[PDB]
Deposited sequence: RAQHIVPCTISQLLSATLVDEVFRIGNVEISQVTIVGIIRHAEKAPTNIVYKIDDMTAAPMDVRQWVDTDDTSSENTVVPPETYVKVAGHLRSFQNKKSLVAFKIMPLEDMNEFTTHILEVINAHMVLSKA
């Protein structure tokens, strides 16, 4: 009942259905996801930051992040490849992520790796 992180493509997030606040792919539910993509745009909102993050699998998805401007423990620039860990969300039928970490990739071999992780993770659920 806790706590599982499924690596995903943005299109996999789009394909997920929402019944009574529960997101499902097949008979399996999430919640917590990682994706890897590029920051296309970055807005400063009143209470947080809205990134548009593009993995090539669909149109960019909105991802909200919170930052403490008196800390480095600062907006990631556009054109950056980024790993994202967050929770899947939906308001008024619009999918988006709520992020807990946004780690810029210094080694793009992590991006290759993530693809394989996506693929194997969904081979696994598929069998459930």
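According to the record, the deposited residues with no C-alpha atom in the structure span just 74 to 76.
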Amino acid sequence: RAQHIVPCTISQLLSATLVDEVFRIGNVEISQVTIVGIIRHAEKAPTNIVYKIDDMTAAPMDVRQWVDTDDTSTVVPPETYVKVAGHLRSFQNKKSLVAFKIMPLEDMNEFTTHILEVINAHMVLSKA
From here on, numbers count along this sequence of modelled residues.
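Compared with the other entries of this protein, residue 93 is consistently built, present in every one of those that build its neighbours rather than absent from a third. Figure legend: residue 27 is marked as modelled in all of the other comparable entries of the protein, none of which omit it, let alone a third. For the two regions 14 to 22 and 109 to 117, the entry's Cα B-factors average higher over 14 to 22.
The question of which stretch, 79 to 87 or 25 to 33, has the higher mean Cα B factor is settled in favour of 25 to 33. Ranking 92, 65, 57, 96 by the C-alpha B-factor listed in the PDB entry places 92 at the top. Annotation for residue 8: C-alpha temperature factor in the lowest third relative to the rest of the modelled chain, per the entry.
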